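Note that the working numbering has the sequence shown beginning at 12, numbered continuously upward.
For reference, the structure is listed below as structure tokens.
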Amino acid sequence: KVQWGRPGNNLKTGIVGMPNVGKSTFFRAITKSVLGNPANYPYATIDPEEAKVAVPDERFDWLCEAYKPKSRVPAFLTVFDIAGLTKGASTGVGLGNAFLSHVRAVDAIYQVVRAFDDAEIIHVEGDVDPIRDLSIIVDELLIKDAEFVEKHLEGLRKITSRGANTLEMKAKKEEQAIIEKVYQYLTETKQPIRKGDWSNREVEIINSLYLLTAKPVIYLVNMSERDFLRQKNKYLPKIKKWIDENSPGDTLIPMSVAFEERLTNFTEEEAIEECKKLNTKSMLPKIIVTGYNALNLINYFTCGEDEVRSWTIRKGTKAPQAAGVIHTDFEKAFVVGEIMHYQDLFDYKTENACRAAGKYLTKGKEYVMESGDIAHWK
Numbered sequence: 012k013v014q015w016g017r018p019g020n021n022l023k024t025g026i027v028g029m030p031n032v033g034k035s036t037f038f039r040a041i042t043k044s045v046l047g048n049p050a051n052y053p054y055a056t057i058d059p060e061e062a063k064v065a066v067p068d069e070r071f072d073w074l075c076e077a078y079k080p081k082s083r084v085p086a087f088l089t090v091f092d093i094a095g096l097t098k099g100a101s102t103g104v105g106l107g108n109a110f111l112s113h114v115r116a117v118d119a120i121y122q123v124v125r126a127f128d129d130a131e132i133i134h135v136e137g138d139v140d141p142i143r144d145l146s147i148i149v150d151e152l153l154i155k156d157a158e159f160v161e162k163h164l165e166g167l168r169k170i171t172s173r174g175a176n177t178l179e180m181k182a183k184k185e186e187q188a189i190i191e192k193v194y195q196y197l198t199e200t201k202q203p204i205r206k207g208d209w210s211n212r213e214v215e216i217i218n219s220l221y222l223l224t225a226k227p228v229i230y231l232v233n234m235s236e237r238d239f240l241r242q243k244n245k246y247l248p249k250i251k252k253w254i255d256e257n258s259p260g261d262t263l264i265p266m267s268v269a270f271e272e273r274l275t276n277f278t279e280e281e282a283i284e285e286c287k288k289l290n291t292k293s294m295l296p297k298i299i300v301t302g303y304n305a306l307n308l309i310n311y312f313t314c315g316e317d318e319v320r321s322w323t324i325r326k327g328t329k330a331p332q333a334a335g336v337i338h339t340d341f342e343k344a345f346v347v348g349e350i351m352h353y354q355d356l357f358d359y360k361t362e363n364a365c366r367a368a369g370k371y372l373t374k375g376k377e378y379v380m381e382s383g384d385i386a387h388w389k
């Protein structure tokens, strides 16, 4: 019904956090697990601060087992190590202008909240406080967007002089009235722009501003293995509420970078046994999915005895474009495509079966792909 954010399919997420929260260890962990391990060898040779994490998807799982292809290529969520992309340690109380300059190149933020204090020799009681840091980042983001708007808004006030006006100026004026509200919000309401109630037009204008406060955010509350293995934390309850009163709706994933890390030392199997004995599970899958989803992404597959690959597309993408994803020609020389809804294929366990039941549908240009769809272009 509505789309927000940057256009396209190759959307990425970056890891945001306050100095010393597990950002680097969290990243190295991802890169080290089965999901982020540079196992995927398309010779892509990812960049050091970039991690291509495999998106978990039982559908992909089944399809792989069903066709048992020589090659299996899962979907991928891009995750950037913002900190790593700038050695500098901001002088400002927050993240800094440099750190942010890199965040801008991202589309979904992974905000690591600290809920551990094992880095303390002596307690000062009030030293390590998440709630404080949580508010800092927000305010820092708001100021930036606020300033950006202010300036940009200042620019539009120029070309607004009357005289032989209202003939085309009124067009740009409506924009100024809106940018005005965007500012109003960022300053008055004092809440991230992604939380306002805007219209399709307003959303459109805003996107052109690439505001920091426009990107969705996913909170990763990093606590100790001990706290995580007992589902109880010291700051968790507090952090939770704060969210509901400052950035409502945003996902809150309690985790333990320490634990995740340790799990990478286990084989896919052992990892399970260990997870069962401790009665718990790795949050990576959950984290990545939440990210992949927050970015409004879905996928369809292309199965075959040779290969089974999951292709990422936007929630409302249509067949032609979807096909374009693989080979540009597919879209150009497009007329029709052969779709096979995951549910049908999963119910018939073979192309022919469902194909015999008519379930081997034939879609044209006006078809919005459906998550899980198994397609085939000619």
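For each residue, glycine too, the CB sits at the ideal point set by N, CA and C.
DSSP three-state call for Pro248: helix, strand or coil?
In the structure shown, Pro248 sits in a helix (DSSP, three-state: H, G or I).
Is the segment 39 to 58 touching the segment 254 to 264, taking contact as three or more C-beta pairs under 8 Å?
The segment 39 to 58, when compared against the segment 254 to 264, does not touch it at the 8 Å Cβ threshold.
Among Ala116, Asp128, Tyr78, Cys75, which residue has its Cα nearest to the Cα of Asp92?
Checked all of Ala116, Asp128, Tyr78, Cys75; the closest Cα to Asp92 is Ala116.
Would you call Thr89 buried or exposed, if buried means 16 or more other Cβ atoms sit within 10 Å of its Cβ?
By the neighbour-count rule (16 or more Cβ atoms within 10 Å), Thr89 is buried.
Distance, Cα to Cα, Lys63 vs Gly25?
Using only the alpha carbons, I get a separation of about 12 Å.
Using 8 Å as the cut-off, can you tell me whether the segment 147 to 154 makes contact with the segment 176 to 186, which would need three or more C-beta pairs spanning the two stretches below that distance?
Verdict: no, contact absent.
Could you check what DSSP says for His163 in three-state terms: helix, strand or coil?
Note: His163 maps to helix in three-state DSSP.
Please report the straight-line C-alpha distance between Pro80 and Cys314, rounded to a whole angstrom.
Rounded to the nearest angstrom, the two C-alpha atoms are 8 Å apart.
Write down every uninterrupted run of the beta strand (DSSP E) in the segment 296 to 347 whose length is 3 residues or greater and which is fully enclosed by it, in chain order.
Those beta strand (DSSP E) runs which fall completely within the segment 296 to 347 and span 3+ residues are 308 to 313, 318 to 325.
Have a look at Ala330, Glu279, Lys245 and flag the residue whose alpha-carbon is nearest the alpha-carbon of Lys376.
Here the closest residue by C-alpha is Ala330.
Buried or exposed: where does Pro18 fall if 16 or more other Cβ atoms within 10 Å of its Cβ makes it buried?
The residue is exposed, with fewer than 16 neighbouring Cβ atoms inside 10 Å.
Rounded to whole angstroms, what is the Cα-Cα separation between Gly103 and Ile324?
The straight-line gap from Cα to Cα measures roughly 39 Å.
Could you check which residue in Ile254, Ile41, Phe110, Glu285 has the C-alpha nearest to that of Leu240?
When only C-alpha atoms are compared, the closest one is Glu285.
Between which two residues does the beta strand (DSSP E) holding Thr102 run?
From DSSP, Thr102 is part of no beta strand (DSSP E); its letter is neither H nor E.
Cα separation between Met234 and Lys252?
Going from the Cα of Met234 to the Cα of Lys252 covers about 17 Å.
With a cut-off of 8 Å on the beta carbons, I'd call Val319 and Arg70 a contact; round off their distance for me.
Wrong, their Cβ atoms sit about 11 Å apart, outside the cutoff.
Among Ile337, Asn211, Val139, which one has its Cα closest to the Cα of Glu131?
Minimum Cα distance to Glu131 is reached at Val139.
Taking all protein chains shown into account, do 16 or more other C-beta atoms lie within 10 angstroms of the C-beta of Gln195, making it buried, or fewer, making it exposed?
Looking at its Cβ environment, which holds fewer than 16 other Cβ atoms inside 10 Å, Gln195 is exposed.
Kindly list the residues whose CB is nearer than 8 Å to the CB of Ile385, restricted to its own chain and excluding five residues on each side of it in sequence; keep chain order.
Cβ neighbours of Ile385 beyond the five flanking positions: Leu74, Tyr311, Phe312, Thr313, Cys314, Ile350, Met351, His352, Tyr353, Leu356.
Straight-line CA distance for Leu247 to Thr262?
Distance between the alpha carbons of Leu247 and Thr262 is about 13 Å.
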